[PDB]
Amino acid sequence: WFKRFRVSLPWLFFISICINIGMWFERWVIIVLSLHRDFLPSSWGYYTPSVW
Amino acid sequence: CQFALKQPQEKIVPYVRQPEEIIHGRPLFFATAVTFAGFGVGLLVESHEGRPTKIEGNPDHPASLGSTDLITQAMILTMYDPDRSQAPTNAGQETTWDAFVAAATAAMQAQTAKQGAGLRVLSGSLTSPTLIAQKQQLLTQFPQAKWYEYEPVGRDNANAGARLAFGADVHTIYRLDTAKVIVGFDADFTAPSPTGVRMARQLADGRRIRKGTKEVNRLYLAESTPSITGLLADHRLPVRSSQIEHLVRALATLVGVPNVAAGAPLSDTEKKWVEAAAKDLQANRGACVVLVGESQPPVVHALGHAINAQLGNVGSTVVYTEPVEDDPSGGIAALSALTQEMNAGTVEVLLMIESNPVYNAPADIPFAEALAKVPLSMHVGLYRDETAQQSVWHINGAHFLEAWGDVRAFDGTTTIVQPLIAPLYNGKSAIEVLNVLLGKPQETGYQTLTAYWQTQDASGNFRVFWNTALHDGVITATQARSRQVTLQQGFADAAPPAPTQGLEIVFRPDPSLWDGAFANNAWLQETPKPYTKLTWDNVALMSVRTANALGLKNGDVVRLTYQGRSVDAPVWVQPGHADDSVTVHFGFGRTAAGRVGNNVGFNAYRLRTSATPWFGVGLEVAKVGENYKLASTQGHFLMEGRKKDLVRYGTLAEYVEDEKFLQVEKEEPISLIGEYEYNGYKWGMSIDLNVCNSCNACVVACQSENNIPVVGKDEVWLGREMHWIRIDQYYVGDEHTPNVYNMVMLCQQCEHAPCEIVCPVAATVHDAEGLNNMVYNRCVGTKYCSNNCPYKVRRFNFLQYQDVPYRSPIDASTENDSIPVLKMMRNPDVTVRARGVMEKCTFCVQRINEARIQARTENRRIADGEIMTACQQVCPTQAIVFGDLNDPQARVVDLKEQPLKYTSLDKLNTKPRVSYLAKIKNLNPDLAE
Ligand code: SF4
Ligand code: SF4
Ligand code: SF4
Ligand code: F3S
C-alpha cells in the first residue's frame with residue numbers, strides 16, 4: 001500500500017519472497033489441508049511430503 | 001516399466017488327460033474343512049482347475065452356515081505362500097522324504113525293544129476322527145508312548161472347568177437361536193473360536209431389526225479388552241479381568257447358587273452391571289445363557305455352568321455332550337508334563353505335529369532348551385517354524401487344501417477334509433506322518449482315511465456314503481450325543497484371594513493372527529485389527545485413564561516387565577479398555593515365520609507364566625521408547641458430529657415408540673445432472689450395521705476374491721492400504737467407557753457418482769446395471785477420482801503393489817517378475833492391477849458377470865440368491881445383503897424399506913447404492929442411567 005515499501009526494492013523483493021512462499025501455502029491449504037480431513041473421519045491422512 | 005511392440009507369445013497348454021469334471025472357465029466348488037483348533041469349520045472352496053482359488057463357507061455345515069472366519073478366509077494365502085516348506089530338512093540340511101522314513105522307521109525299531117517309552121508326540125488339540133484313531137494305534141503298538149496335546153489358546157480352562165464342575169469331562173454347545181439375554185464374562189464367542197461363525201450368526205439372528213421387531217438379544221459382555229463381541233454387546237463393561245473371576249461369583253449369588261461364597265467387592269458400576277444382568281437372567285430363564293471366555297480360570301467356567309444349569313439352560317440353550325476332542329486334559333499342563341520329560345533325557349522320538357511350542361511356550365516351560373536334549377525330534381508343519389530351526393527333522397506340512405484328512409466340528413459333525421489340489425510340494429500331512437511311525441509308510445492318507453471310515457460306516461454301502469460324505473462335506477452321522485450331568489457343588493467353596501493391586505497384563509490371542517500359526521499370512525496381517533486399526537504391529541493397549549497415569553501416548557515403546565521377563569513393546573491407547581490393565585496380542589514376534597511375519601515385533605508369548613497364562617497382576621510398564629510407526633488404517637476414531645452420515649445409532653427404547661426416529665425427513669434434492677434409468681438388475685446392497693461386529697472377514701474376502709495386493713507396513717502408515725472394504729470404529733463419547741459402532745465402508749456405487757465425472761480419460765464410468773465400473777486398464781493414474789470420492793473408498797496402486805511382503809514395493813528391478821506360487825491364489829477373473837491404477841469395491845463384477853452371462857446363456861433371469869458378493873457370503877453375521885433392486889421379491893428391496901435404512905452422505909446427492917441399517921442396541925431400563 002505504501003510507496004515507501006514499493007519503490008524500495010529490498011522491501012519489494014522481500015514481499016515478493018513472502019508472496020511466492022505465501023501463495024505456495026495457499027495451494028497447500030486448498031489442496032492438502034482440505035483433503036486430509038474431509039467427510040468420513042475414518043479417511044483422514046496427513047501427507048508428510050517425501051524427499052522425492 | 002514394461003514395454004513391447006507386441007505382447008509375448010502367450011501359450012495355451014491344455015490338459016494331457018482332461019478330467020470328466022473340469023470345464024475350463026468354471027469354478028467347480030469343492031467341500032472341505034479346516035482344523036482351526038482341532039475343530040472343523042466346513043469350507044466350500046473354489047477349485048478352478050485342480051487348484052483352489054477362493055475359500056467359502058459350506059452352507060450345510062454347523063460351524064459355518066455359509067460364511068467363513070477371518071483366519072479361515074485368508075488361509076488360501078497360507079497355502080500359496082512361497083515361504084511354505086518345500087522339502088524336509090535333516091538337522092537344517094535339506095533332505096528327501098524317503099530319507100526321513102529311513103531314519104524314522106529305524107527309530108521305531110529302536111523304540112520297540114523298549115516298549116515305546118520315548119515316543120512322545122506334541123500335536124495340538126486334535127479332534128480329527130482318523131487322527132484320533134491313528135493316535136489309538138500308536139498308543140497300543142507302543143503302550144508307554146504318550147500324546148501330549150498343546151494348543152496355546154485352546155480350551156485349557158473351559159475343559160478343566162467342565163470336569164471341575166461336573167466330574168467327568170463334557171463339551172458344552174451353546175445355542176443362541178433361543179437366547180434373549182446373553183451374559184458372557186470375557187466371552188469372545190463371536191471370535192475366531194471354533195464356534196465363532198455360528199455364535200455370530202445365531203447372535204445376529206436375534207438382533208435382526210425389521211419394520212416390526214420388538215425383542216432383541218442384550219449380550220452383557222464384561223471384558224477387559226475391547227473385542228469383536230463388544231461391538232454386538234449392548235452393555236459392555238471394562239473390567240480388570242481380575243474382577244471377572246469374582247464378578248461371576250457376584251452373579252452366581254444373585255442367581256441362587258448355594259455355595260459360591262463370593263468375595264472381593266466389585267465396584268459402584270460393575271456391581272450395577274451385575275444386578276441388572278442377574279435381574280435379566282432370572283427373567284426369560286429358559287432362553288438365556290451365561291457364557292465365559294477362555295481367559296478366565298477353571299473355577300469361573302465351573303460357575304459358568306453353575307449359573308446356566310440354575311437358570312434352566314440345560315437342554316434348551318447349553319447342551320453338554322461327549323468331548324469332541326480326544327483328551328481335554330491337555331494344553332499348558334501337558335506341555336509342561338512333556339518338557340519335564342524332555343529334561344533328564346526320557347524322550348527319544350518327539351514328533352511335534354503342528355503345535356510349534358518353541359515359539360508358543362509360556363516362557364516358564366523351557367521348551368526351547370529342553371529341545372535338542374532329545375536324539376530325534378521330528379516336525380510336520382507347513383512353515384519352517386521356530387521348532388524347525390531347532391528340531392532335527394522337519395516334514396513338510398500339507399496344508400489342509402492338499403491333505404486327505406478329516407475334522408470333527410463342534411457337536412461332533414465330522415467333515416472329510418478334501419484335497420482340492422495335489423500338494424504343491426510333497427506334503428506328507430499328519431496322517432501321512434503317523435503312517436511312518438505306525439509302520440505303514442507307503443500307505444497314503446486317502447488309503448487310511450477310508451480304511452477307518454469303512455469301519456465307522458455300518459449303514460448301507462460305502463460309495464453311496466463316502467461320496468455323499470465328500471459332496472456335502474458334513475457327514476452329520478457322528479453328532480456328539482447329549483450327556484446327563486450332575487453339577488457337583490462346592491467347587492467355589494475356596495475363598496477368593498486378596499485382591500492384588502497393580503497394572504495387569506491380560507494375555508489375548510490376536511483377532512487377525514490367532515496364535516502366530518498364521519503370522520506369515522500377509523492377508524490376515526495387513527487386515528486392520530478390529531478396534532485399533534493397526535496392521536503389522538503387536539501393541540500394549542491401555543485405557544486412556546491408565547496411560548495418562550503413566551504419561552503414555554499412541555506411539556511410545558514401553559518395556560512390559562511381568563515376573564522378570566521384559567518384552568519392549570509399543571503402546572496404543574484404547575478408549576474402551578479397562579483401568580490399570582494392558583492387553584497383549586498372541587503370535588507376532590516370530591524369528592522364523594518366513595518373509596512376512598519375520599520381524600513384526602513384540603512376541604507376547606515370552607511374558608506368560610503357565611500359572612497366569614491369560615492375565616496377571618504383576619506388571620511394570622516403565623516406558624523406554626519415544627516414537628514408533630504403528631501403521632493404522634483409520635486415522636480419526638471419532639464421529640466428529642457427522643452422525644446421520646456415519647453409522648447412525650439408537651436404542652430399542654426409542655425404536656418401538658418411533659420406527660423412523662433417525663431417518664431424517666428431507667425433500668427430494670434438486671439435481672441438475674439429468675437422471676438415468678436402470679431397467680436391468682439395478683444392483684444394490686443393503687448393509688445391516690446393527691450386526692457388523694468387525695470380524696474383518698469381509699476385508700479378507702474382498703482380498704481373496706479381487707486379487708487385492710498386500711501393502712507393507714511402511715506404506716500403510718502412509719495411508720496406502722489396498723482395502724476396497726473397510727470397517728470403521730467411531731467411539732462416541734466418554735473416552736473412558738465409549739460405545740463403539742461400525743460403519744463398514746465400501747464403494748457405495750453412487751448413481752450420481754462424483755468420482756466418475758472427474759476421470760480425464762473416462763476410466764471409471766457407470767453401468768447400465770447401476771454400479772460404478774472401475775476399469776483398471778484405462779486408468780492413467782491421475783488419482784483425482786479419490787479426491788472427488790466423498791467416502792475415500794477408491795484405493796490407488798501407488799507403487800507396484802504385488803507380492804509386497806515378498807518384494808519391497810519401493811524397488812523396480814523385480815516389479816514385473818511375479819512369484820509363481822502366488823499366481824495361483826489370484827482370481828482368474830479379476831484384473832491383477834499394475835502400478836498407477838485406482839481400484840474400488842466393484843460389487844464383485846467377477847461374480848455378477850459370470851452369473852448374468854450364465855443367465856443370458858440359459859435364457860433366464862438372475863435368481864435373488866444367485867449373485868452373492870464376496871463380502872456378503874463371508875460375513876458370519878450376514879450384515880451385508882447384495883441383490884437385485886428391480887426384482888421386487890428380493891432380500892434387498894425388501895431390506896431397503898426398513899425404518900433404519902439410510903445412505904452415507906445423503907446431504908450430497910450421490911444416490912449411494914449401498915444403504916446401511918442403523919445400530920439399534922437394546923439398552924436395559926435399569927442399567928443405562
Ligand atoms: S459386514 Fe464385514 S465386519 Fe461386519 S460381520 Fe460381515 S464380514 Fe464382519
Ligand atoms: S462411493 Fe466413491 S468409489 Fe463408489 S461410485 Fe461413489 S465416489 Fe465412486
Ligand atoms: S462387493 Fe466384493 S469387491 Fe466389493 S467390497 Fe464387497 S467383497 Fe469387496
Ligand atoms: S481420475 Fe482418472 S485416469 Fe486413473 S486413478 Fe483416478 S481414474
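Cβ: placed from backbone, ideal geometry, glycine included. Neighbour counts: every protein chain shown. Values in this text are rule-based calculations from the coordinates and carry no lab data.
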Given the structure, is B:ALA879 crowded, with 16+ Cβ neighbours inside 10 Å, touching a strand residue (DSSP E or B) at 6+ places or on another chain (Cβ under 8 Å) and either of a type in the set (S, T, N, Q) or in contact (Cβ under 8 Å) with a residue 12 or more places away in the chain (or both)?
-> yes
Restricting attention to the range A:20-52, the residues that are of a type in the set (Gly, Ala, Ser), more than 8 Å from chain B (Cβ to nearest Cβ) and assigned to a loop (DSSP other than H, G, I, E, B) number exactly 1
When restricted to B:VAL775, B:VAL700, the only residue within 20 Å of the chain's Cα centre (by Cα) and either surrounded by fewer than 23 Cβ atoms within 10 Å (Cβ to Cβ) or not in a loop (DSSP other than H, G, I, E, B) (or both) is B:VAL700
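Counting only residues that are at negative phi and buried (at least 24 other Cβ atoms within 10 Å of the Cβ), which one in the range B:747-758 is nearest to ligand 3 (Cβ to nearest atom)? Lay out the reasoning, then the answer.
In the first step, residues of the range B:747-758 are kept if they are at negative phi; the result is B:747-748, B:750-758.
If we keep only those that are buried (at least 24 other Cβ atoms within 10 Å of the Cβ) too, we end up with B:747-748, B:750, B:753, B:755.
Details: B:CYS747: 7, B:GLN748: 10, B:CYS750: 14, B:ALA753: 15, B:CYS755: 15 Å.
My answer is B:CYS747.
Can you find a residue that is over 23 Å from B:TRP724 (Cα atoms), outside any strand (DSSP E or B), within 16 Å of ligand 1 (Cβ to nearest atom) and aliphatic (A, V, I, L, M) anywhere in the range B:878-885?
Scanning the range B:878-885, I find no residue that is over 23 Å from B:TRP724 (Cα atoms), outside any strand (DSSP E or B), within 16 Å of ligand 1 (Cβ to nearest atom) and aliphatic (A, V, I, L, M), so the answer is no.
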Among B:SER241, B:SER227, the single one that is assigned to a loop (DSSP other than H, G, I, E, B), in contact with a strand residue (DSSP E or B) (Cβ under 6 Å, 6 or more places away or on another chain) and small (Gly, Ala, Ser) is B:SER241
Flagged in the range B:807-856 as polar (S, T, N, Q), within 20 Å of B:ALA522 (Cβ to Cβ) and surrounded by 14 or more Cβ atoms within 10 Å (Cβ to Cβ), in numbering order, are B:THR814, B:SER818, B:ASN827, B:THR831
Every listed condition ((1) surrounded by fewer than 20 Cβ atoms within 10 Å (Cβ to Cβ); (2) free of Cβ contacts under 8 Å to residues at least 60 places away in the same chain) holds for B:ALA469 save (1)
Only one of (1) within 16 Å of ligand 4 (Cβ to nearest atom); (2) within 14 Å of chain A (Cβ to nearest Cβ) does not apply to B:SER694, and that is (1)
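Go through B:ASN773, B:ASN707 for me and flag whichever is more than 12 Å from chain A (Cβ to nearest Cβ), out of contact with any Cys (no Cβ under 9 Å at 6 or more places or on another chain) and away from ligand 4 (no atom under 16 Å from the Cβ). Outline the logic, then answer.
On the way: B:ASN773 fails: away from ligand 4 (no atom under 16 Å from the Cβ).
Within the list B:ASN773, B:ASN707, the selection yields B:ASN707.
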When (1) within 14 Å of chain A (Cβ to nearest Cβ); (2) farther than 30 Å from B:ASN217 by Cβ; (3) in a loop (DSSP other than H, G, I, E, B) are applied to B:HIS723, the one that fails is (2)
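Restricting to the range B:705-746, and then to whatever is among the polar types (S, T, N, Q) and more than 16 Å from ligand 2 (Cβ to nearest atom), can you tell me which residue is surrounded by the fewest Cβ atoms within 10 Å (Cβ to Cβ)?
Checking each candidate, the answer is B:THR737.
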When every residue in the range B:168-181 that is in contact with a helix residue (DSSP H, G or I) (Cβ under 7 Å, 6 or more places away or on another chain) and hydrophobic (A, V, I, L, M, F, W, C) is compared, the one surrounded by the fewest Cβ atoms within 10 Å (Cβ to Cβ) is B:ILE173
Of the candidates B:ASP493, B:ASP515, B:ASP537, the one satisfying the condition of being in contact (Cβ under 8 Å) with a residue 40 or more places away in the chain, touching a strand residue (DSSP E or B) at 6+ places or on another chain (Cβ under 8 Å) and either buried (at least 24 other Cβ atoms within 10 Å of the Cβ) or at negative phi (or both) is B:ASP537
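When you check B:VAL761 against the structure, is it closer than 30 Å to B:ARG236 by Cα and away from ligand 3 (no atom under 16 Å from the Cβ), yes or no? So that I can check it myself, show each step before the final result.
Numbers: closer than 30 Å to B:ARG236 by Cα: no; away from ligand 3 (no atom under 16 Å from the Cβ): yes.
It is false that B:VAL761 is closer than 30 Å to B:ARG236 by Cα and away from ligand 3 (no atom under 16 Å from the Cβ).
Does A:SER16 fit the bill of being more than 11 Å from every other protein chain (Cβ to nearest Cβ), among the small types (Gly, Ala, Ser), part of a helix (DSSP H, G or I) and under 16 Å from the mean Cα position of the chain (by Cα)? Spell out the reasoning first.
On the way: more than 11 Å from every other protein chain (Cβ to nearest Cβ): yes; among the small types (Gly, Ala, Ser): yes; part of a helix (DSSP H, G or I): yes; under 16 Å from the mean Cα position of the chain (by Cα): yes.
Spelling it out, A:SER16 is indeed more than 11 Å from every other protein chain (Cβ to nearest Cβ), among the small types (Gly, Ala, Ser), part of a helix (DSSP H, G or I) and under 16 Å from the mean Cα position of the chain (by Cα).
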Checking B:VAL624, B:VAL596, B:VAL600, B:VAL582 in turn, the sole residue that is more than 20 Å from B:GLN525 (Cα to Cα), in contact with a helix residue (DSSP H, G or I) (Cβ under 8 Å, 6 or more places away or on another chain), of a type in the set (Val, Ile, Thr) and more than 14 Å from every other protein chain (Cβ to nearest Cβ) turns out to be B:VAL582
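How many residues are closer than 22 Å to B:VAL324 by Cβ and either acidic (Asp, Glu) or touching a strand residue (DSSP E or B) at 6+ places or on another chain (Cβ under 9 Å) (or both) if we restrict to the range B:177-197? Can you show your working first?
Residues of the range B:177-197 that are closer than 22 Å to B:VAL324 by Cβ, as a first pass: B:177, B:179, B:184, B:187-197.
Imposing the further condition that a residue be either acidic (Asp, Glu) or touching a strand residue (DSSP E or B) at 6+ places or on another chain (Cβ under 9 Å) (or both) reduces the set to B:177, B:179, B:184, B:187-189, B:195, B:197.
Number satisfying all stated conditions: 8.
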Just one listed residue, out of B:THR195, B:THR225, B:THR269, is of a type in the set (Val, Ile, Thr), more than 16 Å from ligand 4 (Cβ to nearest atom) and over 24 Å from B:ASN739 (Cβ atoms), and it is B:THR195
